[PDB]
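Since the structure comes first, as structure tokens, the remarks are kept for the end.
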Amino acid sequence: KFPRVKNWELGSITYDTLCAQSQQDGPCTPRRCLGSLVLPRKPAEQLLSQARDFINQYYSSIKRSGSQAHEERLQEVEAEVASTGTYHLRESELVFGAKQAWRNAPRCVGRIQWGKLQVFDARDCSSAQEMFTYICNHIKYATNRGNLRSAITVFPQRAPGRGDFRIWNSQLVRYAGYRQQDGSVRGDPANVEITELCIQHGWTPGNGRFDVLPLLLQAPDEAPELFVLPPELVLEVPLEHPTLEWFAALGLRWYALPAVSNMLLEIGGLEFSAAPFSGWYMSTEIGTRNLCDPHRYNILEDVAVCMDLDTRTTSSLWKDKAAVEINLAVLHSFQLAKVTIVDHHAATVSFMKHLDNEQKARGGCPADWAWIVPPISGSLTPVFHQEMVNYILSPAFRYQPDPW
Amino acid sequence: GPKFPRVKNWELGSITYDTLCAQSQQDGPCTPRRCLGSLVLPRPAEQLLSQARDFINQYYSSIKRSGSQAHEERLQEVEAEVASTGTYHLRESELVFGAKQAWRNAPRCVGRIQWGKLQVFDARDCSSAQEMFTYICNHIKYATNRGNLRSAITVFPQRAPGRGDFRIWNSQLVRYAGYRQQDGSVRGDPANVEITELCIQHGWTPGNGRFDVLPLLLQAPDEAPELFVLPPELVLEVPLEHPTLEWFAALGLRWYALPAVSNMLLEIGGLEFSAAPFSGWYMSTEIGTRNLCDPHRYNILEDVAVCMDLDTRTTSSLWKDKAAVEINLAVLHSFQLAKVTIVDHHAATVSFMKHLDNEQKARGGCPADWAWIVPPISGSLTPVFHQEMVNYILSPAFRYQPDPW
Ligand code: HEM
Ligand code: HEM
Ligand SMILES: CNCCN(C)c1cncc(CCc2cc(C)cc(N)n2)c1
Ligand SMILES: CNCCN(C)c1cncc(CCc2cc(C)cc(N)n2)c1
Ligand SMILES: C[C@H](O)[C@H](O)[C@H]1CNc2nc(N)[nH]c(=O)c2N1
Ligand SMILES: C[C@H](O)[C@H](O)[C@H]1CNc2nc(N)[nH]c(=O)c2N1
Ligand SMILES: [Zn+2]
């Protein structure tokens with residue numbers, strides 16, 4: 001049985017058949033749905049089968065499926081697993097695998113872009129120092145003077161005999177969070193733990209709200225090392241508002257490059273524990289979540305007071321009013337600085353086009369509705385009205401435990 | 001540790017475990033292979049007895065008499081009744097318990113903090129379509145209460161073997177007509193096109209406004225549905241104005257005070273009440289965001305944004321978000337002015353979090369549909385956005401049922 005998927009705005013119905021290609025179970029059972037949970041509660045034969053399936057995927061994608069190059073390649077993989085317990089990917093295969101991982105990421109609204117991804121092979125990396133070099137080039141390439149380009153750098157895969165290559169930071173750019181004795185937090189509350197780990201490993205702390213953290217980089221079975229990014233590498237956008245002169249006074253800012261550095265990339269059963277990837281922001285990530293979440297910078301009441309709003313009652317919708325001006329500020333400021341950004345309406349409309357492309361290409365598209373629908377103005381966007389099917393395809397980005 | 005779903009709040013960092021889901025007997029649409037949680041509508045003899053036995057156990061527990069002699073005698077009384085007739089009857093207070101528990105169990109309802117405060121009108125004696133009309137008018141009168149809205153449900157006779165159903169054809173007691181135009185467009189509410197055409201086929205003389213109140217199509221057992229027009233003074237409405245945008249009132253928008261769902265099935269202990277309309281009060285985003293701004297409903301966003309003189313030629317001006325906010329404010333302001341009960345999406349979600357905490361202590365969980373609980377605007381500004389939820393089906397329940405035609 002294949003899920004029947006309906007759009008409630010248009011009346012149109014599709015059938016997801018791609019989900020039958022899922023080999024990995026999610027958190028739901030027929031007794032109870034667990035789709036709103038953020039994290040999971042969580043053999044040569046099995047590695048070999050994921051390898052076969054992936055190699056078949058690759059040769060099918062270049063329409064050389066069944067051919068001699070294909071046959072001989074499966075033989076290589078099988079021969080290599082049989083005597084070493086593992087294998088290695090060709091650069092071309094890794095490029096394919098990385099693009100598919102993005103394509104398959106059900107929580108990502110930006111997947112219209114999935115075929116345009118620059119892949120840096122960093123598998124010849126043997127130290128934190130080289131990782132840092134690779135990371136710096138990635139940032140320079142990706143940022144491209146505000147003309148953002150999507151990229152991934154892939155460090156050496158996990159191996160049975162040793163500890164992982166890891167980037168301890170959750171993103172390549174993070175603002176420090178400084179825990180106060182008086183309970184509160186200066187800077188980004190989301191980054192208290194990593195800030196403290198940086199200090200413990202000997203970083204000289206700042207005292208600002210927007211102090212860019214150093215990277216903690218780890219080569220196998222070694223203590224992590226500390227590397228400060230050259231400030232000229234981290235593009236930042238001061239936030240002002242198009243018609244509210246006082247907004248700029250607030251001294252708000254955000255960095256240009258969203259670069260996730262703590263997820264695991266799995267391809268054909270191989271696991272890449274350090275494989276930082278980046279694109280460009282959707283404005284609501286900065287304007288709504290990072291700046292307005294109560295457990296983040298939490299600036300809503302501040303902005304509302306400057307707007308002289310009735311802060312004393314919920315029914316004046318001050319929160320809603322302030323959040324809209326904040327999101328507008330982010331868009332205006334990024335556009336003024338010529339740094340790539342996408343608003344949530346433009347993003348969700350392109351995501352609808354992606355669904356349509358994928359329906360035609362693959363018979364469906366794994367999508368996590370709760371993460372696709374923006375944090376403000378949900379039903380004002382087309383994705384709100386679109387039913388979606390969530391499931392796990394490989395290659396995939398996965399979460400993994402923090403390495404401390 | 002515990003072998004039940006771990007549930008996390010990401011704002012507060014706090015953890016619970018849902019043990020109540022263990023009580024679920026009916027399977028939802030998901031499997032380990034794929035999550036179908038965002039689908040609005042996914043695809044008796046011994047059976048009856050087990051559902052019946054379970055409900056009576058629920059009832060006696062609610063009154064703290066499990067295992068008692070009255071408990072076992074009621075169980076005996078029920079199976080005796082099923083053995084000789086195939087069905088059975090609820091005592092009055094069982095029906096009252098069941099109706100409240102059905103609301104309490106409703107995963108898509110954010111208003112469940114009020115669940116214990118429900119007026120239950122017993123209408124299981126009703127025997128004509130004219131009589132259904134009297135019960136409905138009475139319900140509307142009681143529930144509207146001149147703007148001081150009171151939750152209520154009226155329960156009509158249960159499905160009976162052989163005999164036909166009591167059905168209310170309309171999806172709500174109050175519904176604006178949707179008139180399909182020559183040019184293909186719709187005047188009024190596009191959601192109500194079919195029911196409008198059904199009323200007409202059954203002899204209603206149609207109007208031509210954006211806000212014409214539909215007559216009721218009420219159906220008694222094995223009879224064609226009869227048509228009934230509500231006395232306009234029984235249908236309380238609120239004209240919409242804005243607290244500072246003076247032109248907003250000139251738009252001629254309005255909404256009715258009483259949201260009363262009339263097409264759902266109430267199931268208790270295997271017994272099915274095919275007509276059992278229930279009503280509460282509105283959360284403002286239902287009117288202001290969904291009914292007025294959905295592209296496939298009234299679709300007024302562009303009208304308002306033009307009046308607000310916003311740049312509607314580019315998404316990045318956030319004209320849609322700006323207009324939606326003011327439309328929601330107008331709804332809240334106009335209901336407040338008219339002294340008609342309403343709740344904003346902030347107050348409502350805050351009260352739902354309190355409800356989740358009450359239920360965690362009372363029952364060890366609360367079935368909840370995250371996509372439906374989180375409001376259609378300002379999602380992450382409300383605390384439920386940061387709350388993981390477990391969705392599952394408990395009974396008593398309100399269920400969807402096929403349209404009777
Ligand atoms: C090009 C512009 C892109 C945009 C606008 C975009 C947008 C987004 C957004 C809004 C989210 C939700 C994030 C959150 O709320 O925490 C997300 C998640 C995600 N994105 Fe994209 N993305 C882009 C590029 C990429 C690229 C290049 C990759 C990988 C190569 C990627 C992979 C992912 C993954 C794996 C997630 C899920 C993260 C998680 O589960 O925490 N995205 N994206
Ligand atoms: C007292 C104030 C109440 C409020 C603010 C409230 C709020 C809501 C809201 C906002 C929804 C979402 C509906 C949609 O978006 O289509 C909903 C659904 C629902 N409500 Fe409540 N409600 C209230 C009272 C009641 C009562 C008295 C009952 C029954 C006794 C009830 C039962 C339900 C059920 C069964 C649904 C699911 C409807 C569906 O799945 O289509 N509610 N409610
Ligand atoms: C669920 N735990 C981790 C959350 N996480 C990895 C995360 C948190 N906050 C923000 C992001 C940014 C995600 C992202 C990635 C890319 C490539 C582009 C973009 N605009 N956003 C990710
Ligand atoms: C999704 N299928 C059913 C449609 N449906 C029942 C529905 C649609 N649109 C709006 C409502 C209103 C739901 C409701 C019910 C009650 C008692 C109170 C309230 N505030 N809202 C219901
Ligand atoms: C509990 C809930 O699932 C959680 O708050 C989710 C909701 N949807 C989200 N959507 C996005 N894009 N990012 C998020 O962090 C979240 N958080
Ligand atoms: C596809 C999606 O499930 C559908 O549009 C849902 C989303 N959440 C909703 N939430 C509520 N309260 N009411 C709705 O009608 C919907 N529609
Ligand atoms: Zn699910």
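Residue numbers start at 1 in each chain; chains themselves are named A, B, ... in the order of the structure tokens; ligands are numbered from 1 in the order shown.
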Next item on the list: Using only C-alpha atoms and all ligand atoms, find each residue with an atom at most 9 Å away from ligand 2 and format the answer as a PyMOL selection string.
Entry: chain B and resi 40-41+99-115+117-120+149-153+259-261+264+266+277-286+290+342-345+348+372-373+375-376+397-400
Requested in this report: Kindly work out which residues sit at most 10 Å from ligand 5, using only C-alpha atoms and all ligand atoms, and give the list as a ChimeraX atom specification.
Outcome: /A:34-39,107-109,282,284-285,289-290,368-375 /B:7-11,370-371,374,379-380,383-389
- Name the residues, by chain letter and number, that sit within 6 Å of ligand 1 using only C-alpha atoms and all ligand atoms, and give them as a PyMOL selection string. chain A and resi 102+105+107-110+113+150-152+277-282+285+397
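Looking only at region 208-284 of chain A, the set that DSSP places in strand (DSSP E or B) from backbone geometry is residues 212, 215, 216, 217, 218, 225, 226, 227, 236, 237, 238, 253, 254, 255, 259, 260, 264, 265, 266, 267, 270, 271, 272, 277, 278, 281 and 282 of chain A.
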Output N, CA and C atoms for every residue in that selection, as a CSV table (one decimal), in the first residue's frame.
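The resulting file, out_22.csv, is shown below:
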```csv
chain,number,residue,atom,x,y,z
A,212,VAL,N,32.5,35.7,17.9
A,212,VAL,CA,32.6,34.4,17.1
A,212,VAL,C,33.5,33.4,17.7
A,215,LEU,N,37.0,27.2,16.5
A,215,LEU,CA,36.7,25.9,16.1
A,215,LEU,C,37.5,24.9,17.0
A,216,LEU,N,36.8,23.9,17.5
A,216,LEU,CA,37.5,22.8,18.2
A,216,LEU,C,37.5,21.6,17.2
A,217,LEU,N,38.7,21.3,16.7
A,217,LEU,CA,38.9,20.2,15.7
A,217,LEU,C,39.6,19.0,16.3
A,218,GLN,N,39.1,17.8,15.9
A,218,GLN,CA,39.6,16.6,16.5
A,218,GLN,C,40.0,15.6,15.4
A,225,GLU,N,41.8,20.3,19.1
A,225,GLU,CA,42.6,21.5,19.0
A,225,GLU,C,41.8,22.8,18.8
A,226,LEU,N,42.4,23.9,19.2
A,226,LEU,CA,41.7,25.2,19.1
A,226,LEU,C,42.2,26.0,17.9
A,227,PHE,N,41.3,26.4,17.0
A,227,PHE,CA,41.7,27.2,15.9
A,227,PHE,C,40.8,28.5,15.7
A,236,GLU,N,29.7,39.1,8.1
A,236,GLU,CA,28.6,39.3,9.0
A,236,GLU,C,27.8,40.5,8.5
A,237,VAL,N,26.5,40.5,8.9
A,237,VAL,CA,25.6,41.5,8.4
A,237,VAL,C,25.0,42.2,9.6
A,238,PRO,N,25.3,43.5,9.7
A,238,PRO,CA,24.7,44.4,10.8
A,238,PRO,C,23.2,44.5,10.4
A,253,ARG,N,23.2,41.7,14.8
A,253,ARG,CA,23.9,41.3,13.6
A,253,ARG,C,23.7,39.8,13.5
A,254,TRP,N,24.0,39.2,12.3
A,254,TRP,CA,24.1,37.8,12.1
A,254,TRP,C,25.2,37.5,11.1
A,255,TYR,N,25.7,36.3,11.1
A,255,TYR,CA,26.7,35.8,10.1
A,255,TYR,C,26.0,35.4,8.8
A,259,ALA,N,26.5,26.9,8.2
A,259,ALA,CA,27.4,25.8,7.9
A,259,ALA,C,27.3,24.7,9.0
A,260,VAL,N,26.5,23.7,8.7
A,260,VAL,CA,26.4,22.7,9.8
A,260,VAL,C,27.6,21.7,9.8
A,264,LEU,N,26.4,13.5,10.7
A,264,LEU,CA,27.1,12.4,10.0
A,264,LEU,C,26.6,12.2,8.6
A,265,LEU,N,27.5,12.1,7.7
A,265,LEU,CA,27.1,11.8,6.3
A,265,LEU,C,27.3,10.3,6.0
A,266,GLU,N,26.3,9.6,5.7
A,266,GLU,CA,26.4,8.2,5.4
A,266,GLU,C,26.1,7.9,3.9
A,267,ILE,N,27.1,7.2,3.2
A,267,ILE,CA,26.9,6.8,1.8
A,267,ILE,C,27.4,5.4,1.7
A,270,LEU,N,29.2,3.6,4.3
A,270,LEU,CA,30.4,4.3,4.9
A,270,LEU,C,29.9,5.5,5.6
A,271,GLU,N,30.6,5.8,6.7
A,271,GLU,CA,30.1,6.9,7.6
A,271,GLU,C,31.2,8.0,7.6
A,272,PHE,N,30.7,9.2,7.4
A,272,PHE,CA,31.6,10.4,7.4
A,272,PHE,C,31.2,11.3,8.6
A,277,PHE,N,28.6,21.1,5.9
A,277,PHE,CA,27.9,21.5,4.7
A,277,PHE,C,27.3,22.9,4.9
A,278,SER,N,27.2,23.6,3.8
A,278,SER,CA,26.6,25.0,3.9
A,278,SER,C,25.8,25.4,2.7
A,281,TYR,N,20.9,31.2,4.1
A,281,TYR,CA,19.9,31.2,5.0
A,281,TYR,C,18.5,31.5,4.4
A,282,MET,N,17.5,30.9,5.1
A,282,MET,CA,16.1,31.4,4.9
A,282,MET,C,15.9,32.4,6.0
```
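Using only C-alpha atoms, the residues found no farther than 9 Å from region 303-312 of chain B, other than those of its own chain fewer than 5 positions away, are residues 245, 247, 248, 251, 317, 318, 319, 320, 322, 323, 324, 326 and 327 of chain B.
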message: Hey, which residues sit close to ligand 7? Say within 10 Å, counting only C-alpha atoms and all ligand atoms, and write them as a PyMOL selection string.
response: (chain A and resi 26-37+368+389-391) or (chain B and resi 28-39+369+390-392)
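In this model, the gap between CA of residue 268 (chain A) and CA of residue 157 (chain A) comes to 11.8 Å.
Candidate residues A:336, A:341, A:331, A:303 were compared for distance to chain B, and the nearest is A:331, using only C-alpha atoms.
Of the listed residues (A:46, A:333, A:400, A:144), A:333 comes nearest to chain B; the distances count only C-alpha atoms.
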